[PDB]
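Next come structure tokens for two forms of one protein chain, structure 1 first, structure 2 second.
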Structure 1
């Protein structure tokens, strides 16, 4: 018996929005310490990783480990029905063929009950962790979003360069080139605008803009994005739920 009751229906809606455009069919391994999910895109370049997060629910009852294979398009359609704001509780039995999504309003009866047929994958359960990153940074997610959207007009490839006290995003194409340079700072009165950098060694990586445009959709989840980069490892892009996370693992362009 699963009873994942969210405080806010938009919260689950916002989570799923960060996935839907890169991955379609995905298993949601419910445990008793929350819900873990993981999926790879078709090109085998981007891995999405989710972790909620008992404290991100109002309540979370889950008697026994349960896997919910869901088509995210179908799930979206149901998550558009969230009369914002409304409490959303996910109900599913121990051996489920469907998932009940219940929307309740504070003043009721104004109850909405949706049912969604499950699909079975047939996945990896690929829990592999964790690497040594050359540099790790955090900046406002909306800032990182604009940077990616802007540079994407210039090229199919975006370069990320970390030197001493410098984070540099570069794009180069037919039109011409573009460079965004940001330096670490803290504003004590507005710590959420801060740019933080930790460097063990410099990094020169080049990424598919196609994938980064998808990654920055996690912007709705957190006002900050964490970025960890290695010379010979996939990049990690992370938006923090409070608490839990949404993670993206990207393969860079080599040779």
Structure 2
């Protein structure tokens, strides 16, 4: 058997919401210490890696590793059936016939049970994560979402430029151009609004605006967002969960 209970069903919906767009199908590997999942879009420029620890649940029981894959559209449509305050339980037994989703409310009444059919996918798992990245920065997700949403209307490509103590987001298209310059600072009212930055080597990268808009969806999961950049590898966008995280690996556009 396999039982995983989210305290609030909102968490699982938001997590799948990061998966909802920019990818069709996903493979969830469950084991004794939690669940992990990798998914790559059709153009293979974006990889989404999810890890959810035991502490993110209120109840977790896995007597046996278990791999279950499912269509995100089919899964998202079934994740439109519960209150965001409901308790959500996932059920599977050994060889997975199919996955069971179970909703429950505060008033011990109105029990909804669902069954999503499972699929067969290729286990080509990627460990492209790097030891050291050329530059690293963190900032409020709301601020970063604004920056991307603003510049997206100008062009299909967004450029990120980092120098010493300076972060510069630049977009340039048909109707014109725009730029947002932010600098590291520590705000003591709430140390959350702080912008942090560590630079080993200056970086200059360009990303497809289409894919960045898909990445910023993780703002519903965390107050802050982590960005690890390097001119040698895809960028790493990370959203922290309670004892877990959701990662977005995006390959820069290149070259002249």
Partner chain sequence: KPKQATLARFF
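The term rigid core refers to the most C-alpha atoms you can superpose between the two forms while keeping them within 1.5 Å. Numbering follows the first chain given and starts at 1.
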item: Chain form deposited with the partner chain bound: structure number out of two; value: 1
item: Displaced position between structure 1 and structure 2, chosen from 127, 149, 117, 183 (C-alpha, 2 Å or more, rigid core); value: 127
item: Once the two forms are fitted on their core, CA shift of residue 31 between structure 1 and structure 2 in Å; value: 1.0
item: Value in Å for the CA shift of residue 106 between structure 1 and structure 2, taken after the core is superposed; value: 2.3
item: Rigid-core-superposed Cα shift at residue 69 between structure 1 and structure 2, Å; value: 0.5
